[PDB]
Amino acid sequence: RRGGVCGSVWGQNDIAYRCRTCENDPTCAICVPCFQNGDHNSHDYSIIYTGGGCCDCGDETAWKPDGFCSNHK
């Protein structure tokens, strides 16, 4: 739609998605909802325990824009 960074926050043992195809570096990650509302088919992704932090969806400095979800473009 017309018109944001996700910024959703993880606690120590919250899971997220690592996508090695979309990440700017090895510490980037996106929340499960942003992963499920994007397109990572044939990407090299894995479920991870975050150790805390925040989702990088929407942040071009941390995540490749073709990897953004429908809500953070």
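Residue numbers here begin at 1 and follow the sequence given. C-alpha atoms forming the largest set that superposes within 1.5 Å between two forms make up the rigid core.
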For this session: State which stretch is farther from the displayed form on average in 8 other deposited structures of this protein, 20-28 or 50-58, counting RMS CA distance after fitting on the rigid core.
Result: 50-58
Seminar exercise, completed: Going from residue 3 to residue 4, the deposited residues skipped in the model number 1 to 3
Seminar exercise, completed: Split the chain's modelled residues into thirds by Cα B-factor; residue 38 lands in the middle
Seminar exercise, completed: residue 62: CA B-factor among chain residues, third -> middle
For this session: Could you tell me which third, lowest, middle or highest, the C-alpha B-factor of residue 15 occupies within its chain?
Result: lowest
Exercise. By the record's CA B-factor, is residue 54 among the lowest, middle or highest third of residues in the chain?
Worked result: middle
